[PDB]
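Undergrad: Once you've had a glance at the structure underneath, I'll fire off some questions.
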Amino acid sequence: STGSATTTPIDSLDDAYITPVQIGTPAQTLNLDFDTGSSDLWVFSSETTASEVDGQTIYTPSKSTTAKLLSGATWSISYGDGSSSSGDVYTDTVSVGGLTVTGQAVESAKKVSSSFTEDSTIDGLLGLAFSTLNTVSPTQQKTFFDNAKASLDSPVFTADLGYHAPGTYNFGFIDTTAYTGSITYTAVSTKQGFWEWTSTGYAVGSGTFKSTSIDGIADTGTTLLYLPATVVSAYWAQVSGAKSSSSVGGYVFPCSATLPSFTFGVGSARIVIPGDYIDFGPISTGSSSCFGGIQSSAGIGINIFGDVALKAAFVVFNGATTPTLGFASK
């Protein structure tokens, strides 16, 4: 089997991407944030505290003839941006782009933090990291990909995120028309439950490539590119007027600037992030100070190849017995 679904930016800045997901019988379609940095599929639901729902579409298990309460199971998750959610668990039928899993754990939110409430466009998350990170207790549950894997034509999914445009998540096949050149594959460590890999270095603009190992995660659920402070300082030093602002919470730059590209290494291959991808717009409405898309990972504890990086590539998440990651230009 295979699946193919379009993923769409939630706003003009590509702050996140939503993908429609069918849950239950008859289908209830929710727009979920596919997140390769976490491993829970959770949804706004009929059980979510009413004051914490503001425009989202909810899953109502009682209206699904295939929903079954997973007795005794609870979940609770906190994300890197400080947001959180928790609740109980059902199993139900879940389909993405024509690919159907029966008996998928659908985590129903009883509580969500303010950032989720305030984002009306995201109805939940669909985790695509390794199932060892799944938070369901006392019986850990498998991700959608893990459940689908054996049925897929090939045990892979691909992320093809757009810049200010829709893109695609595919399951079970590699669309050879979706990228240019070749796919370069690189080793993955699953030791922390992530799609963790080591970039071979970077360049800023038309500058020389610096060969240096950068361990980090491929994370579709993170907006920006978070890299070591040395790398980030080297980038922003090429933008007149750019500075790190403690009050804003990162590097900002004059909105009048033309940003240089940023290149990262995948083995001997190179992925180029155009300068425009690094512009996240005014820090507040009307400001001439703009927020940067490359930020320091210092104090996160991990480097994160988020959407800013991933959207410059066609990315293969290879879930073979020894997982690997593949990157191609497009």
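Numbers in chain A come straight from Swiss-Prot, and the residues shown are 90-419, in order.
This entry, so its header tells us, was determined using X-ray crystallography, 1.3 Å.
For all residues, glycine too, the Cβ spot is worked out from N, Cα and C.
Annotation comment: Swiss-Prot describes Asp124, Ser288 as active site. Here Swiss-Prot flags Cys344-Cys379 as disulfide bond. Taken from Swiss-Prot, the feature domain 'Peptidase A1' covers 106-417, and the record attributes it to sequence analysis.
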Undergrad: Pop the Cα-Cα gap between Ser288 (active site) and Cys344 (disulfide bond) into the table, whole Å please.
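TA: Counting only the Cα atoms, the answer is 30 Å.
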Undergrad: Would you kindly give the Cα-Cα distance separating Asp124 (active site) and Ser288 (active site), rounded to the nearest Å?
TA: 20
Undergrad: Cα-Cα separation of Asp124 (active site) and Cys379 (disulfide bond), in Å?
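TA: So the Cα of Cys379 (disulfide bond) lies 26 Å away from that of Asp124 (active site).
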Undergrad: Mind telling me which of the disulfide-bonded residues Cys344, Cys379 has the densest Cβ neighbourhood, counting other Cβ atoms within 10 Å?
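TA: Neighbour-count leader: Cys379.
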Undergrad: What number of additional C-beta atoms lies within 10 angstroms of the C-beta atom of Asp124 (active site)?
TA: 21
Undergrad: Run through the Cβ atoms and count how many others sit within 10 Å of the one on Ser288 (active site).
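TA: Summing over all protein chains shown, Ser288 (active site) has 22 other Cβ atoms within 10 Å.
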